[PDB]
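Every residue, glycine among them, receives a Cβ derived from its backbone with ideal geometry; neighbour counts consider all protein chains shown. Where a number appears in this text, it was derived from the coordinates with a stated rule and is not lab data.
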Amino acid sequence: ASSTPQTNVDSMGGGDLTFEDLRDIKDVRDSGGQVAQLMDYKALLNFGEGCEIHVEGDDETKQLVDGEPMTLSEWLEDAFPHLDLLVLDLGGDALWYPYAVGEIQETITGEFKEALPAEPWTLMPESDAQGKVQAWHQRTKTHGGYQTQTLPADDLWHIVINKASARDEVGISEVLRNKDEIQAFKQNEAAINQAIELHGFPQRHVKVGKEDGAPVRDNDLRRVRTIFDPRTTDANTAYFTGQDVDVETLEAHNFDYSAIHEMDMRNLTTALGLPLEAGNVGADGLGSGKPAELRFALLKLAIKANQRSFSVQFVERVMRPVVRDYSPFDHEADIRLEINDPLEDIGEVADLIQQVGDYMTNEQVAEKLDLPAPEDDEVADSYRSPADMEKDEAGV
Amino acid sequence: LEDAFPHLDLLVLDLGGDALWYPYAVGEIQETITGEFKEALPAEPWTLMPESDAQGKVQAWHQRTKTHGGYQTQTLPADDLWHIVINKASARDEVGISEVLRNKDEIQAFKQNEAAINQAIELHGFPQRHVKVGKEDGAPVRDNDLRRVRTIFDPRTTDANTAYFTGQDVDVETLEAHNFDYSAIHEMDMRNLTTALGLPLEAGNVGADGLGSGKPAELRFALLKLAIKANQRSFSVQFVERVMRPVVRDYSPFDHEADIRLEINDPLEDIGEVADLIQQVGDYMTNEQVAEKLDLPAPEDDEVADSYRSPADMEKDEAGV
Amino acid sequence: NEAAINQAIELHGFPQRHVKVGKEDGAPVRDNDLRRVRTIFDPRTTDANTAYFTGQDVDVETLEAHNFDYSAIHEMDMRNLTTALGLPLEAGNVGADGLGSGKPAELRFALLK
Amino acid sequence: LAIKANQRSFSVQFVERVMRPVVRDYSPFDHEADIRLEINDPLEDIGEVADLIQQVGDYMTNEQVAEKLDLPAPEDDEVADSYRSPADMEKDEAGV
Amino acid sequence: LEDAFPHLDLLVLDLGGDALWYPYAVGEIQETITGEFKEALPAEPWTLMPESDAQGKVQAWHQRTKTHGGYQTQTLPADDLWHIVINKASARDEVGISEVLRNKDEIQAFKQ
């Protein structure tokens, strides 16, 4: 076949999105309220439950790093001690913005210090007709003014969850994918807020004079306004009049703002791919059985797809480079990074261990139970429980 | 093959997604600089259209794309390319149909109805105040008068506890919200679009009465599993025959005419069902058959894998020897 | 019936506003006058909190949505179509009491098997 | 999910920004040690932990049980490291 | 460490609470009369504000406070104080986000 591309990728030289569009996403993020909380929930589902680093057959990597042995997983944990939080930041940013982007930072000697995400709204990629990023272009405020620079696609690294196609390197923001729905939610919120002020509360209409009677003017109404004043009226106030004065009622002109709010929240959540429950909106029947379990399946599928999408790119463009550039270990090794299921139940696992432990090794039990495996090979690899091995050892 | 495709889950999701969205998924075979295999790289399907012979088989691929604000166009032979279809028109077809084009009117109707409700809620979902000025069969009222009334009654400066004082010849009426069953319109829209796309209505964040219990529930989930299994098996055969086999042929020291097997996981698999089945009938499954169903590696010793009784049971007995 | 429901929802599912101008047994109002009225009361430029001010001889009526049971029409269409195809009612996204349990439920599965 | 993310976000900061600097500048001990600062979860139920200990204790060490049960580990290393209950060890010893 | 922080629950609750109310929580290091460590002590969070450079890093802490009906003002280096941030604009963010300021309009609307 061939060692280079032969089909084109429908873009070069931009238009796509600008620093202004990036700053729109940022302005959504810091605006707070329900819209921000929904995307923060979207982040907390995908990335809030944390992660673990693994390497396949890691006992084969065992090497003296500085006169004492380590595995590659131990070395990677020294490179990424607090990885859950780096995953939460990058993953969150990659849900807000089309991409996440960062530097690698070094000690004064040149050995690795940390991985460091950059501020995503400040940075935009520039790319070729082949389909690849060639440079990173940055615009930033300072002293209330502005400054601009460009950096190569060489010492920076970047990640893209929401690709336009499998071959893409820029992606699309789920915010910009649903811009109209987001604005419509906020507009309908503003509508309900003002409509409650105007129509949610009864109001008092004092009418003065008789039908076809004597005229009433402003200096007359000013005196009447002073008598029936809502500023100084109280719960037990009573009124005494001639027949030619009426205290009429503007009733609260009832409307189902609740159902409108639910409709808005349903439209926004389904558009953002989120469960309706994250908008705190209820429904009958749908809370139980296969009707429920299907939505939980759809939710878990989306999460697993995102998690695996992130992990592969983080391994391939962050972890492997960090090994390549700073490590005594092989950088082409079978590195792994799992991100946890946010809707896993320990009870389900504990039931499974009782039901089918007779067919799972103690290491397979420990792994499912989220614990380290035993310190002895047959104790880990066997299917008889370690308690069963101990009670027999005490008596045989 | 695991060295050839380390991240196959993501490629299967992308290609399967493309083959549901578009009529086909389509791609190149890509190599390292040394010439050994790299990946089966897909190409952006909206940019590519097929050209075919008198027997209907695709012999070339035609591409049209934007660059630098302008355009470029090209044609390539199908000889070093590959393509996959989920939704064929017939058993003789090779190009297929997109469900987006098949149900185009339903999709447009859904979008129109959402826009219609969105507008109708603004116009009819909120009450609106109508101040009427003057007396019936009385003196006239002109714009410069209404401007002065509007200045007092301005909703921009009104509050929840505001009170109004008038002579008898001003009425502060309201257009009450002319309520309509938009909820049922939403349910109908979702019913229409989900069933057009073959999904159960429950997937669209909309309910159904009575249908939430017994085998009257299970039938929809069964129909969904049927569609999924059919689609998955349809994809696997094509990926094996038109991607995996050519890759083994050109880059592997093995024979490509051996039977490669590719399976895709089921979203409606139940771990509790598997666990109960293992408890109830494990006495009739090999340890490898248990492992394959339980999502595990088989035992590392041949007779331990091949045997029917539990490995733990064989171990707890052997401890007595 | 699908085409009928589609148009009937547009025509009768949504309320529609009717501005009436002039007084009963009063002066007439012409198209060039109504063009000026329309320009004010335009739903294109109206919002949820818009308020209206008039003399006594302008009215804003609404055609209320004339509720009809299109859901039940859909249920009958679906009952007809499913039975015509020989399918059970549940295949059409419709269900009922009495049929939803026990031997009444078993019979549909028996017929389908 | 929000609580667990916040708690880990805090623990990491308090260890790195306060504890390790204090050890570095004022302690005879090494500051680069693995401080496991943890914050308790008010939405966890001890009833779930009690069920779990019954259900899968045969596959957990006594130290792991002690961690989950929110108590100190046994004072003898093999008793802490082993998987079967210390009460089973005690009843067997009285039997012997 | 247990001798250094006997009552750590209270300090964790205070710092955590403050870092949810305000953009950050912040404190001093203190010594005994002899000069060995005494405690790490949290400061009045509304009274201190950071000042920062082009690489986004805090370089000084600025304090303004009431006494005797008047005001006192002082500035300190970003060195002997220590600070913690729960909510952030980016991984680089040293200044942080207050959920009170993030939802200021919703809070006022509720009270109204």
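Do we find a residue being among the charged types (D, E, K, R) and either more than 11 Å from chain B (Cβ to nearest Cβ) or over 26 Å from B:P200 (Cα atoms) (or both) anywhere in segment A:354-362?
Taking segment A:354-362 as the starting set, the residues that turn out to be among the charged types (D, E, K, R) are A:358.
Okay, now just the ones that are also either more than 11 Å from chain B (Cβ to nearest Cβ) or over 26 Å from B:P200 (Cα atoms) (or both), so A:358.
Yes - at least one qualifying residue is present in segment A:354-362.
Could you check segment A:372-392 and list, in sequence order, the residues that are under 15 Å from D:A80 (Cβ atoms) and aliphatic (A, V, I, L, M)?
Narrowing segment A:372-392 to residues under 15 Å from D:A80 (Cβ atoms): A:372, A:374-375, A:386-387, A:390.
Selection gives A:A387 alone.
Take the residues in segment B:46-67 that are in contact with a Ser or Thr (Cβ under 8 Å, 6 or more places away or on another chain) and within 29 Å of B:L1 (Cα to Cα), then tell me which one is farthest from the other protein chains (Cβ to nearest Cβ).
In this case the residue turns out to be B:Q59.
Just to check your reading of the model, which residue among B:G138, B:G167 is farther than 17 Å from A:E248 by Cβ, out of contact with any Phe, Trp or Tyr (no Cβ under 8 Å at 6 or more places or on another chain) and either surrounded by fewer than 17 Cβ atoms within 10 Å (Cβ to Cβ) or more than 9 Å from chain C (Cβ to nearest Cβ) (or both)? It would help to see each step written out before you state the result.
Details: B:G167 fails: farther than 17 Å from A:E248 by Cβ.
Sole residue among the options that is farther than 17 Å from A:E248 by Cβ, out of contact with any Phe, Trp or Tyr (no Cβ under 8 Å at 6 or more places or on another chain) and either surrounded by fewer than 17 Cβ atoms within 10 Å (Cβ to Cβ) or more than 9 Å from chain C (Cβ to nearest Cβ) (or both): B:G138.
Considering only segment A:196-224, state which residues are of a type in the set (K, R), farther than 29 Å from A:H261 by Cβ and crowded, with 16+ Cβ neighbours inside 10 Å.
We begin by selecting, within segment A:196-224, every residue of a type in the set (K, R); these are A:204, A:207, A:210, A:217, A:222-223.
Of the ones still in play, those that are also farther than 29 Å from A:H261 by Cβ are A:207, A:210, A:217, A:222-223.
Listed by number, the list holds a single entry, A:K207.
Which pairs do you get when a residue that is assigned to a strand (DSSP E or B), found in segment C:1-16, comes within reach of a residue that is surrounded by fewer than 18 Cβ atoms within 10 Å (Cβ to Cβ), reach meaning Cβ atoms under 7 angstrom, with the pair 6+ apart or on two chains?
C:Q16/C:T62; C:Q16/C:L63
Among the numbered criteria (1) over 25 Å from A:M12 (Cα atoms); (2) more than 10 Å from chain A (Cβ to nearest Cβ); (3) surrounded by 16 or more Cβ atoms within 10 Å (Cβ to Cβ), which single criterion is violated by B:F37?
Among (1) over 25 Å from A:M12 (Cα atoms); (2) more than 10 Å from chain A (Cβ to nearest Cβ); (3) surrounded by 16 or more Cβ atoms within 10 Å (Cβ to Cβ), B:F37 violates only (2).
Do the conditions hold for B:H178, that is, is it surrounded by 17 or more Cβ atoms within 10 Å (Cβ to Cβ) and out of contact with any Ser or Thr (no Cβ under 8 Å at 6 or more places or on another chain)? Walk me through how you get there before you give the answer.
Working: surrounded by 17 or more Cβ atoms within 10 Å (Cβ to Cβ): yes; out of contact with any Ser or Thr (no Cβ under 8 Å at 6 or more places or on another chain): no.
No; evaluated as a whole, the condition is false for this residue.
Restricting to segment B:307-321, what's the tally of residues that are of a type in the set (K, R) and either in contact with a strand residue (DSSP E or B) (Cβ under 8 Å, 6 or more places away or on another chain) or over 16 Å from A:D392 (Cβ atoms) (or both)? Even if it seems obvious, please write down each step before you answer.
First, pick out the residues of segment B:307-321 that are of a type in the set (K, R): B:309, B:316.
Still in the list and also either in contact with a strand residue (DSSP E or B) (Cβ under 8 Å, 6 or more places away or on another chain) or over 16 Å from A:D392 (Cβ atoms) (or both): B:309.
Residues that pass the stated criteria total 1.
Taking segment B:42-81, which residues are closer than 21 Å to B:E94 by Cβ, outside any strand (DSSP E or B) and not aromatic (F, W, Y)?
Listed by number, the residues that qualify are B:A43, B:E44, B:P45, B:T47, B:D53, B:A54, B:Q55, B:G56, B:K57, B:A78, B:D79, B:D80.
Would you point out the residue of segment B:64-89, among those that are surrounded by fewer than 17 Cβ atoms within 10 Å (Cβ to Cβ) and β-branched (V, I, T), that is farthest from A:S11 (Cα to Cα)?
B:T75
Would you call A:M319 within 30 Å of A:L156 (Cα to Cα), more than 8 Å from chain B (Cβ to nearest Cβ) and surrounded by 15 or more Cβ atoms within 10 Å (Cβ to Cβ)?
For A:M319, the condition - within 30 Å of A:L156 (Cα to Cα), more than 8 Å from chain B (Cβ to nearest Cβ) and surrounded by 15 or more Cβ atoms within 10 Å (Cβ to Cβ) - is met.
Whether any residue in segment B:103-117 is at the interface with chain C (Cβ under 8 Å from one of its Cβ atoms), part of a loop (DSSP other than H, G, I, E, B) and buried (at least 16 other Cβ atoms within 10 Å of the Cβ) is what I want to check.
No, segment B:103-117 contains no residue that is at the interface with chain C (Cβ under 8 Å from one of its Cβ atoms), part of a loop (DSSP other than H, G, I, E, B) and buried (at least 16 other Cβ atoms within 10 Å of the Cβ).
For segment A:163-179, how many residues meet the condition of being in a helix (DSSP H, G or I) and out of contact with any helix residue (DSSP H, G or I) (no Cβ under 7 Å at 6 or more places or on another chain)? Reasoning before the result, please.
Initially, segment A:163-179 is screened for residues in a helix (DSSP H, G or I), giving A:176-179.
Next, from what is left, pick out any that are out of contact with any helix residue (DSSP H, G or I) (no Cβ under 7 Å at 6 or more places or on another chain): A:177, A:179.
So the answer is 2.
Of all residues in segment A:203-242 being polar (S, T, N, Q) and assigned to a helix (DSSP H, G or I), which is farthest from B:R148 (Cα to Cα)?
Step one: list which residues in segment A:203-242 are polar (S, T, N, Q), which gives A:203, A:219, A:226, A:232-233, A:236-237, A:241.
This time we only want the ones that are assigned to a helix (DSSP H, G or I), so: A:219, A:226.
Numbers: A:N219: 16, A:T226: 22 Å.
Here the residue is A:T226.
Going by what's in this entry, would B:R242 be described as under 18 Å from B:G198 (Cβ atoms) and surrounded by 14 or more Cβ atoms within 10 Å (Cβ to Cβ)?
no
If B:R147 satisfies all but one of (1) in a helix (DSSP H, G or I); (2) within 34 Å of the chain's Cα centre (by Cα), what's the number of the condition it fails?
Among (1) in a helix (DSSP H, G or I); (2) within 34 Å of the chain's Cα centre (by Cα), B:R147 violates only (2).
Could you tell me which numbered condition A:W121 fails, if it satisfies all but one of (1) facing another protein chain (nearest Cβ under 9 Å); (2) of a type in the set (F, W, Y); (3) closer than 17 Å to A:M12 by Cβ?
(3)
May I ask you to list pairs of residues, at least six apart or on different chains, whose Cβ atoms are under 9 Å apart, with the first in segment A:280-292 being facing chain B (nearest Cβ under 7 Å) and on the phi < 0 side of the Ramachandran plot and the second being part of a loop (DSSP other than H, G, I, E, B) and of a type in the set (D, E, K, R)?
Once the first residue is facing chain B (nearest Cβ under 7 Å) and on the phi < 0 side of the Ramachandran plot and sits in segment A:280-292, its partners that are part of a loop (DSSP other than H, G, I, E, B) and of a type in the set (D, E, K, R) give A:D284/B:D209.
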